[PDB]
Each structure stands twice: as structure tokens, then as C-alpha cells.
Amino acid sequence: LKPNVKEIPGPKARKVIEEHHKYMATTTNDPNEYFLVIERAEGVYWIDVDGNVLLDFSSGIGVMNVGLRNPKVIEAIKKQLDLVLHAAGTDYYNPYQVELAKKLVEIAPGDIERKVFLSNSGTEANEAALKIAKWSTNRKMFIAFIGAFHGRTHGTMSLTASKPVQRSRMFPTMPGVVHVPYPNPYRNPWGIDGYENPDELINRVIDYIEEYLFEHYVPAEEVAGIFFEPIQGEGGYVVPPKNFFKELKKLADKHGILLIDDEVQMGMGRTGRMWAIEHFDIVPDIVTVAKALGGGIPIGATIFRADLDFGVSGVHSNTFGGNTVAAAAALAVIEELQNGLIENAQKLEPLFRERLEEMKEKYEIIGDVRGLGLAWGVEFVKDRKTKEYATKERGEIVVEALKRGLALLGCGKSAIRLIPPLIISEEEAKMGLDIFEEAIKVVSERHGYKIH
């Protein structure tokens, strides 16, 4: 298998897209920018319904970290199918869900007392985090960051602050969430270069919470939790300054506020550590995970300080939580990560840094590149001084990559995320970066952007 694309979308792709439009609700599907219609998958490749072969830099939005069709994950699933699929994890007991909980407790950041609540998705895991924090602190308010993405349920829609269309006609959602600027080193209300001056940007974000919220309208004692992504995902693959979470933890600790680390996108080895928060040297009170945990099967986990546990039975539960097929898949995922995929993300890191810095030097349309491990963000701007979003052009780069056999996803208003499966070879990575560079070059030439 190698990238090989003729007509896309082909006739079979166009037929499915038409049928999708007829029977399915309008969500985030784009017939003009995302015309990929997947039929099957092999190693790091998609094969679409017309036989087109595409190199995967999407991981299906950071879910297929261990590969598009991991054989070790599939064996575990088939083995679990011969035993039981659903055991009603929350009314009856089963050993598969308990074996996963024991492993998640062990691999949790830091070395503190942990328990786990299992669910079916990232948004469920964040909803469970909200409930654990409310119950354990008896506090009802939360702080979240502008640009955040935590899910689309009534609780998590209040935490999410990515695109206003996410909230259109939804008000009122869960009350009690206040938002403050993320320490985005490329775009922040202070105009601070947070790469050159990380401490200045850290102090402005901390000062905003302390002076602007705590000293005026948000009683610090009534805040249950601060929710954060350790790198903002949907918001643009935004990597905050290295010392930010240490300063955030000093502020939270002074007021008895929990730190809630959303690893739904950046966890499960994506940054060359089991958790992205590991690069920032703090131990969050709650960690939420989903997506890559189940290696393609729906699963969520909320890993929390043990003493936060619900005092009584029946405060939270679900039907599908502790799903044995999901539990089997996740145990197989974690062993793959620990046996070389995390190390492979650390090894590939400098290839991604070097090539993307080379692309920033050469192509003016690139405002910023940023990343850790195999989580990389490239933001496109009309002008490096105004930083006006190159949204049209970003979309065209994705489309040109597809035509050349590379599957990419946009993030934020004008960025692209590069998130290839952690099984990707050096040679597969170089090929995808070369195709990515060609798509930028094409759209740069087509719009007259400087090429140095």
C-alpha cells in the first residue's frame, strides 16, 4: 500500500455522501472539504469505497493511536466476543472492567490514590468529572478556558468555548461556568509572544483569574474545579507554556479547587508520554480519557483522586460502562503503547519539529507551528503581522492533500493538525510531511503567498 488517488470523490463516494445527506442529521460533515468515504483500513492507510489509498495523518480525530486496524486489539476483541459482550457493568460485576480499572489506576499521572469511573465517550467522562467534582467539594462553579473543547452534552457545552455555533439556541446549559483566556502563545488578549516570553503570558492568565474573577464576581471558595486541555485540540493544537500548569496548580491549591485534565484527545501516548500533562509536571485531581483508549471501540474513563469518590450508591452510573469488548480492546491498546508506540512518538518528534520549522522558514502562509510527540498544529494566516485567519486557504490545503493521498483534519479557524497513528514508520512520516509541504506549496503558488 502507498498513497494512490485518481478521481475523489469517485462515483461510489458521491452516492454515499448523497445518502448520508438524506438520512443523517447535519453535524460537522463537509461534502466540499471532507469528501473522504472510508471502506476499510490497513496499517496507516485508508482505502475509500472507490479504491483510493490515503496515508492517515488524522487518526480519525485522535482515536486510532495504535493503528487504523491493530491486529493485537482485534484479537483481544474476537477473544472477548467468544466469552461475553455486555454484563451490565453497573448492576452486576465482571472481571474485564475491573482489570481495566486496575490498569488505569496504575498508569494515572503521578503516584496518588486513584479510582476510575467507566463510561462510553469523552463527553460522558467529562460529565462524570463535573459530577465527581460537585459531589466531593459540595461546590457548583467551574473555570474553563476560551478555545476549550470538552464535549457537546448539556454539562460539557458550558465548559466548551471553541465555536459559538456549538451553543446556538442551546442556552441555558449547565449554569456556573466562567471562561478565561487560555495561555495561547500565538494569540492572546495581551498580544504576548508566549514562545519568547512564557512567564509574562502565564502571569497574565493567572492574574486574570485572581484579580479579575476572584477579587470581583467569582467567589474562589465556590469553585469546584478548573477544566483544561493540556494542549487545546479542536481549538487549534495550542501548546501552552511549559510552566503554566504548575502556576495554575498553586492558584487552585490556595482555594481548594480541583484540577481536571481533559486527555480525551492528547492522552494515550499521542505526545510521546502516556499523558500530555506529563510534559507540564503536575498531578491532576481528575483525568478524563476516551477515543484512543478503546482502539476503535467506544469507551470513556474518569480517573480521580480516590477520596473524591461518591459517598453513596446511585449518584452516577450508566448501562454500557465497563462494556467487556471495550475493556478487552483498552487493555490491548495500553500494552501496545507501553511496548514501543509511546517511544516511537518520542523518536519521530524531532522529524516533525525539523520539517515543520523548515516549512515555516520557507512558506509565508504558515503563521505558527507547534507540537509535542506526534501531536502537531500548523496555523495558516493571510499576513504574519495581522494574523488574519487563512480559513479558505486552510481548507484548500486539506483538499489538495487528499487529492495527493494524505488524510488531514482542520482545527480551529485556520489550522491543520498532523496526528498520524503512533505505529507510523520514519519513511511513512517523511512521505506524509512531503505531501503536506506540496499541498502548502500548491495553495501558496495559487494565492501568491511568498515562498522564501
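Heads up: residue numbers just count along the shown sequence, starting at 1.
With 291-299 and 217-225 compared on mean CA B-factor from the PDB entry, the stretch scoring higher is 291-299. Remark: stretch with higher mean C-alpha B factor among 81-89 and 303-311 is 81-89. In this entry, the residue among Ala415, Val398, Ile419, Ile38 with the greatest C-alpha B factor is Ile38. Highest CA B-factor among the listed residues (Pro241, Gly321, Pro284, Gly155): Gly321. Looking at the C-alpha B-factors along this chain, the one for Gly340 belongs to the highest third. Annotation for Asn188: CA B-factor lies in the lowest third of the chain's modelled residues. Ranked against the other modelled residues of its chain, the C-alpha B-factor of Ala108 as given in the entry falls in the middle third. Among the modelled residues of its chain, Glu349 has a C-alpha B-factor that falls in the middle third, as given in the PDB entry. Sort the modelled residues of the chain by CA B factor and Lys115 lands in the lowest third.
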